Each structure stands twice: as structure tokens, then as C-alpha cells.
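[1] kindly generate the corresponding structure for this input.
(3 chains)
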Amino acid sequence: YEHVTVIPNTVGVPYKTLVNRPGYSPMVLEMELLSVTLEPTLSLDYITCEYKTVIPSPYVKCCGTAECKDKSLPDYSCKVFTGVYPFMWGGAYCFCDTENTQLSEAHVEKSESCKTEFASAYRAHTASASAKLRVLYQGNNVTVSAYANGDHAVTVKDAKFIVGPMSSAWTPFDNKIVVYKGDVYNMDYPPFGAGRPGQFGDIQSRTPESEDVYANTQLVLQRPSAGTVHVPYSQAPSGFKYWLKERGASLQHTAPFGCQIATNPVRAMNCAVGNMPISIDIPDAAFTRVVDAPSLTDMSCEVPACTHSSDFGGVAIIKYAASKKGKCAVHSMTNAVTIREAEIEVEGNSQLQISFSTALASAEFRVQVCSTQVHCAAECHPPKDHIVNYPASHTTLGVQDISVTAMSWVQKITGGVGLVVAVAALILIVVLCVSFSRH
Amino acid sequence: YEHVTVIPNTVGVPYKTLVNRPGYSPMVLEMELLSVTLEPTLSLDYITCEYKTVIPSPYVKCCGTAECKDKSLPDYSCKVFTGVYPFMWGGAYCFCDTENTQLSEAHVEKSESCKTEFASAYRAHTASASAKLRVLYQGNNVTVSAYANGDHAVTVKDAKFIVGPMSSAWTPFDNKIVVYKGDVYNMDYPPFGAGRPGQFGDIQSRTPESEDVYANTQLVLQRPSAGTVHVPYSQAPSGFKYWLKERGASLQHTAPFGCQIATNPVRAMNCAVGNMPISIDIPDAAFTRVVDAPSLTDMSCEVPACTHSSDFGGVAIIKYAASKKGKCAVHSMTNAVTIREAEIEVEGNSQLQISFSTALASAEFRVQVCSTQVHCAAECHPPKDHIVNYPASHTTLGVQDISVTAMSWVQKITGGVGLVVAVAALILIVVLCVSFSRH
Amino acid sequence: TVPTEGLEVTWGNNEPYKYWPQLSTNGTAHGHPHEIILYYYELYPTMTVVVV
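    Numbering: from 1, shown residues only, chains lettered A, B, ... in the order given. I have put the structure below:
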């Protein structure tokens, strides 16, 4: 037997939902999303990481010009400096003090650290949505773990569940993304092979272990200082190490909808966006026949206290006479009032207590106990605490609508104007008719 | 120096482009897409494969009743048959000819073939398009292999190429795919855990080695025939094997835009769809100055033979005087005509031969030969051969525009009928003018 | 300010605190018209200043 219902995409709020198959007593399921997940489908563009500038010992030739032994390496540069006269610790290196030259050469590589310290630049297309859901079915809690695509069916306790696709296709992730350890950033990173010096991506490689490197550090070799053997060079500092300071806040802290994020794999979680269709196909053996459950009569309701306190801040006591002992599903017909108890034990002529939540200033609502309805009416007193650590149970008010029963003032002022208007219209239509009757 | 142009997305057709930089002789590049490769990012949902059914030697209980013990196996079914009297080869198995029972039990499994004979259901999201391009640069061929998405700048011979993004999102893949060996099919396959008997997905598994077999073959056991120990059963024969026969045609044969298809990994290749931005950054060392290039002058054209054959069926001979020996760029200044030659050698006072392609029936066009212009004009005969195996090497005709010389009938009749209108309006205006003198 | 949507505040390396408002007011419905106008005004100031 198929039942299909929409639950808001809100994690940790238990939606009661009513299954009302003819010839069976009603069944109430309680549904609570334990987590929702958006795992993005993800393509690696490149690694960026700490460059290493590699500088061999400078070749210095005495008494003659060296020349550039030109080669292709990731940002290779070399230069010949003329008229050097370098000293070692115990003497001049060259024989003469003129016509010597130093060939200095340098190039850049990934560091050997780039296998563990790297940021990974990804293209992110769309997400394989997933869920984990608690349902109270046949009086026990059971956990169901569907992909939220609308096309994974999970069967557990012989019920078959199909969930999604969510009514919002929204995601925290932009088209291009970078990740570093636990953190992810939405980022329009530079093309591969096109990074500028000292910004993010001034060294690029297709994978951590790849032997390819593109580098644009603008390494410029400089003349060695007179009487010394060093190789001085100017270079834009590692653009990855700059970025690690300048990052700002990752998506884990900045994303909309109360979203949470993790990075193995790079899934987003618990985004409270839109709503999720959920469908249950449940066996005949789950239901009780409409005559086999208790039948109820002499229904009466009292509300010992009521407050619109987000937390089931109202309590109701319902008196009943029941035809037999048994277990009874309980539901609120008024969408503005949510009751905590999904089912209750019944026997004899007796009473039961329910706890309920609403935004209503005067809760005036219909409760269904076993196949059978009672009308509850109460006056609700405001909560004293201004803010709380959990989302509201219940649902938003009619705001323009569903004012208090004490809005009988609106009826009074509408009639106090409306009968004055009706008398003025009656008078005008009368004197129009008698004057029209004298022409 | 950056140049940017859009080539049509047609494989194997060479396109000329002109880099008309000030202060330099204009440079002509030829480029040709050698392949274009829309690999989709691709997520596995499940394997399907031929199931087997497992049927242990049936339990026969003499003188009394066996019973079913329920178990979780993938499509487990068992049944107890009463009043059996089975024979072994030497005599009856039971002592009595009544009260006996047979418990027959069975379940389905993956076959041992599911490691190698399986069809794999995937979700496809979007294309990480690759491209491979020939370019004629500095008068010689070089190959640039890139990603066609506006990312990935490639450097070769110190020019830098950025290609795409492709101007169409189109792909031959629907969002739901199945693949089997060399072939791939657009197919709205059933949900995981909701596949049906005798259709594709009779048995489903999340990966080839996964133990979580869902199967729905409707395996129903039947009563043994009188006197025999067998286990008869009725089951829907495998919907994988039935799909291997009822399969239809692969995307390789059915797909639009002429695209090829391959599966390890999956690609759509060489789709003739949309057009492709290609952009070149050319080093200043590559260009030769307007004073270093030959100064052509006193030049004129003959078109010895012309057929509008789509295979370079026009030939033209251009006479010239030139100030020095040198290499020299050639370009067609009229879009409806494509010349084959990208560059030529110019010296002395002499002539050059160019071959050209068009749909025009009167090829009137300008050729530019290093910063210097000439006008070519002749009638083109249609080809005899009706159809050919290469695609048309020219661009398409204006069809309602760029009609032939000797369409001058249009002007002869329009300069008739349009002057009969002008004279009738002149006659009407002069009689109107004197009719106002008659007020 | 804690909006109707809720506020998440994270302080140092602590796991986040979440806060939501609720329907508290120093006015009351069920009283005289000025009590009930003040009640709906403290809960819904944008919609009440419009509708009245």
C-alpha cells in the first residue's frame, strides 16, 4: 500500500504523518531526518603546493667566458656574470682578477612536502544527494539510509521507502572549488598553465605525485656580490604559503541554510533548504482492521495549561469511553498544532494526556484519537524566555489569519461599520426608487 | 600578442585565420581539430548480470511434516509438499506411502560470470571536453592537446593556446546510461532495489564484488511429480540475458551530429555541434616587420580553371612585382572562398599559383598577399560527381544572397518595373501639382 | 540579532551554538484591544503596522 508525503528538509524535527487506508484503523508514522548529504561529483584540475627553487653550485670559470647551457625545466633561468673574483676561505679561487665569469643557473620544482601539504583545485558539477532517516513504524524506531534521488528503494521491516528528489536543487558549492585538509572554498582559481607569480596557483601540477610542473615564480638571477661565491636571486614568494594565511573563512563557516561541510569526501550536510518528498509502501500485515482496534465515544477535552513555547508547551487531557483494550494512533487535524504522542494505550472508560505545540494565541483544534475526533479549545500564555537552543516544533502562524477567538473585536467593528453602510445603502436605494417613481 | 577567433567545431576541416597586427606583415595560421572528446563525468548506480538459482538437495521427511525456517537470502523461497512417495533407483525412500513431506528451498545469487559478463548502470552529469588541434605556426605543423573549457593554457614553440569554452552544452548522453563492453545506451533503468522480473534489473548489485544482491525473479516453487525426488520451480528467466538479445542499437550507431562513441573510459567524439573559440598569444619574435617582408606591387590575377567542387577545384595565377625575396602570407578576403595555400615564396617579377574552394558560380573575391590586395574573378562550372566522401572544404553559400554575375537579369527587370513605378509616380505627381493650380 | 531563520554563533575552537527566537511578549491577547494590538505587534511588527 503506497503512501506519499512531503517532509520539510529540516534535520532533527520529527514530522508526524497520517496513513488512513479504508477498512483499517488509522496509522501514524513519525519521520525525522537524521542527516541529509550533498556529495558533489568532483573533477581534479590541479594541485598547488610549496615550490622548491633548485640552485646547483655556480660554475665559475677562470680566465675565460662560460656560456648558457640552455635546457627546458619548469621555470629555468641562467645568466653569465662577468669580471667576478670569488674568494674561498684560504685564497682567491681564480688565477687572475679579470676575464673570469660565473654561470649561475636556477629552476623550480614541487617540494617533496607537496605529497602531504597541497591544496586541491576541483570542478564540481552536481550532487548525488543522500539521506539517513528515522521512522517510527509498527511501534519501533527503524533507521533507513536511502540515496535521495527518488530512485533508490530501501526495504526494512518489510516496508519499502523511496525518498527525494528534493524540491530545491541548490548547493553550497560553486562551479570551481579548492580544498585544503578539513576546509573547502568556492574559488575562481586561474587556468592550469596560466597562474601569475605569488598569487594562488603560481605553481600547478595535475596530481600530487605527477612529474609535470607549471611554474611562474618570475625567478630572476642577480649579480653575485663582489668577492663572494653565492647565487643571489629575486623571486615572487610561494603563492600557496601566502594563500594559507590570506584564506578567510571556508564554506564550513560561511555557507547558507545552516549547512555543514566535511572533506573525505567533500560532501555538504544538513542544508535546511526546500522540502523532500518521501514515499512508503507498507504491507497489509502492518495495519489493524477498523473494527479490531478500540472504538471510542463520549469524547471530552480539557487543557490544564497552555503556552506557545516551541517545545510542546501545551498539555491536553481527553476523557473517553472505549469499546475494548488496545493501542490507538493519535493525530492533529489542524496543521497549526503538532502533538508529540504518535500512539497511546487505551482501555475502559478513562482519560489520556497528550502534549502539544503551537504558535496560536488561543489553541482551537481538532484531535483524532482512534478513528474518532474531539474538539480542543484553550487560551495560550506567551513563553518567558526570548530565545532557545532548538528549532521550533509546530509550524508558522497564519499571521494575516488565525488570530485569537478574542478577535471578536474584528467582528464587532466590521458589523459596527457594515450595518451603518447597509442602512445608508437601504436609504439611498429607497429615495432613488421613490424619486425615480415621480418623473 | 593575443589573437582570438571562433572555428566551426568540425573535425578534419582546416580553417585559416589572419593575425593582422599593425607594423608587421600579417600572419596566417591554419588550424584543424584532429579530435574533440566529450567525456562525461560518470557515477555508478549498480551492476546487472545473469543470476543463478541455488537449490540444495530437498529435505524429505518420512512419516510426518517438515517446516519452513525463514532466512534472509536474496530472493529466498521454500515450500512443504505433503503426501510425496519418492523413489531412489533401488526403491522408495520413505517407509510409508503417505504422511511424508518434502521441504524444497531455493534462493538466487549472482553467477560466477558477473565478474566479466555484466552491464553497468551509470548517471552522467556533464562533459569534461578535451580537444586535439593541429596548428601551422611559423610555416610548420605542431600538435596542441588541451581541455576545451576555457581553462588549460598550453604552451608550444613559445606561443600560448587557450581553447573553448565550446559554444554548445549538447552531448549524446542522457542523464541515465547503461554500458556493456564496447557499447553504451541511453536508458531510463529502474531504481536500485525496485527492479522487476524478466526486465533489465531482474538482479541488481552495487558493484561487481558487492554481496548486497537485490533480486526479484518471482521464483515460485512447485509440487514434485509423482514418485520423483526433483525440485520444480517457476521463475522469470534472466532479464539481463533477455536484454542482451532485445538490446537495440548502441549510441555508436544512433547518436546525432555524426559523433563516434567508445567506452574505456566513455567518450562522445567528434560531434559536429556548435563552434569553438580558439585564442593564441604569439611572441613578438615570431612576426616579421612590414619593411622586412616583400613589398608586392603591380599585381594582377587570372583564374585558368574553376569548378565549385568542394575539394579545392579552383586555381588562380597571380602575376606580381616584389621588392625582395621572402616568405609571404596569402589570405582570402571574401568569406565565401577558401584558399589552400597559407604562405608562399615571393621573389623578383614573376607569378604565383593558388588553389581555392567555393560554392559560388562566379568566384569574384579579393586575395591578400602580404599587406597587398588583388581581385580575382571568373565563372565556376558545377561538378559532375554528385556525392563525395570528404566534407565540404569551403564555407556555405548566402543562397538568397551572393547570386552570380549574370544574375543581372534581376537588375535589368528591377530597373524596368521599378522605373515604370517611378514614371507612374512622376505622372501622378505632375497631374496632382496642376490639379492644385486648378483650386 | 537572532532572526526567525535562526543564528549560528561559533566561538574559538568550540562547536557551534545555535539560537532561535520564540513568541515571547510583555503584551497579551485576550485582554482589551490595546493589549491585543501590542501582543501581535511584538510578534509581527511588519505585518501588524500594515494591517491595522
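[2] can we go C-alpha only for contacts and neighbour counts from here?
    OK.
[3] wait, what's in contact with the nearest residue to residue A:330 once chain neighbours are set aside?
    Excluding its sequence neighbours, the residue lying closest to residue A:330 (Cα to Cα, 6 or more residues apart in numbering or on different chains) is residue A:369, at 4.7 Å. Residue A:369 is in contact with A:296, A:328-331, counting by Cα atoms under 8 Å, 6 or more residues apart in numbering or on different chains.
[4] please name the bridge partners of the residue in chain A positioned nearest to chain C.
    Closest residue of chain A to chain C, Cα to the nearest Cα: residue A:387 (4.2 Å). In this structure, residue A:387 bridges to residue C:21 when assessed by DSSP bridges.
[5] which ones are touching it?
    Counting by Cα under 8 Å, 6+ apart, residue A:387 touches C:2, C:19-22.
[6] roughly how far does residue A:402 sit from residue C:40?
    12 Å (Cα to Cα, to the nearest Å).
[7] now swap in residue A:69 and tell me
    In terms of Cα to Cα, residue A:69 sits 85 Å off from residue C:40.
[8] which one of those two has more residues nearby?
    Just comparing residue A:69 and residue C:40: by other Cα atoms under 10 Å in any protein chain shown the higher neighbour count belongs to residue C:40, 21 against 9.
[9] distance to residue A:243 and neighbour count for the contacts of residue A:387 - can I get that in TSV?
    Below are the contacts of residue A:387 laid out as TSV (distance: Cα to Cα, whole Å; neighbours: other Cα atoms under 10 Å in any protein chain shown):
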residue	distance to residue A:243	neighbour count
C:2	33	13
C:19	33	20
C:20	35	19
C:21	38	21
C:22	42	21
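[10] which residue packs closest to residue 42, ignoring adjacent ones?
    No chain in the question, so chain A it is. Nearest non-adjacent residue to residue A:42, counting by Cα to Cα, 6+ apart: residue A:124, 4.7 Å away.
[11] if you could check chain C rather than the one you did, that'd help
    For residue C:42, the closest residue by Cα to Cα, 6+ apart turns out to be residue C:25, at 6.1 Å.
[12] with residue A:47 instead?
    Distances taken as Cα to Cα, 6+ apart put residue A:120 closest to residue A:47, at 4.8 Å, once the chain neighbours are dropped.
[13] what's the neighbour count on that neighbour?
    Residue A:120 has 22 nearby residues by other Cα under 10 Å.
[14] who does the host helix or strand of residue A:278 pair up with?
    Per DSSP states H and E, residue A:278 falls inside strand A:275-281. Next to strand A:275-281 in the sheet, as set by DSSP bridges, lie strand A:2-8 (antiparallel), strand A:159-163 (antiparallel).
[15] list the contacts of the most centrally placed residue in chain A.
    Centrality entry for chain A: nearest residue to the mean C-alpha point is residue A:271, 2.3 Å, by Cα atoms, centre = their mean. Counting by Cα under 8 Å, 6+ apart, residue A:271 makes contact with A:9-10, A:36, A:256-260.
[16] can you select the buried ones among the residues you listed for me in ChimeraX?
    In ChimeraX syntax, the buried subset of these is picked out as below (16 or more other Cα atoms under 10 Å in any protein chain shown):
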select /A:9,10,36,258,259,260
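[17] near chain C, list only the ones from the contacts of residue A:271.
    Among the contacts of residue A:271, the residues within reach of chain C (Cα under 8 Å from any Cα of the partner chain) are residue A:258.
[18] narrow the contacts of residue A:271 to those in strands?
    Counting by DSSP state E, the contacts of residue A:271 place A:36, A:260 in strands.
[19] now the contacts of residue A:271 as JSON lines including distance to residue A:275?
    JSON lines is the format used below for these (distance: Cα to Cα, whole Å):
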{"residue": "A:9", "distance to residue A:275": "4"}
{"residue": "A:10", "distance to residue A:275": "8"}
{"residue": "A:36", "distance to residue A:275": "11"}
{"residue": "A:256", "distance to residue A:275": "16"}
{"residue": "A:257", "distance to residue A:275": "13"}
{"residue": "A:258", "distance to residue A:275": "15"}
{"residue": "A:259", "distance to residue A:275": "15"}
{"residue": "A:260", "distance to residue A:275": "18"}
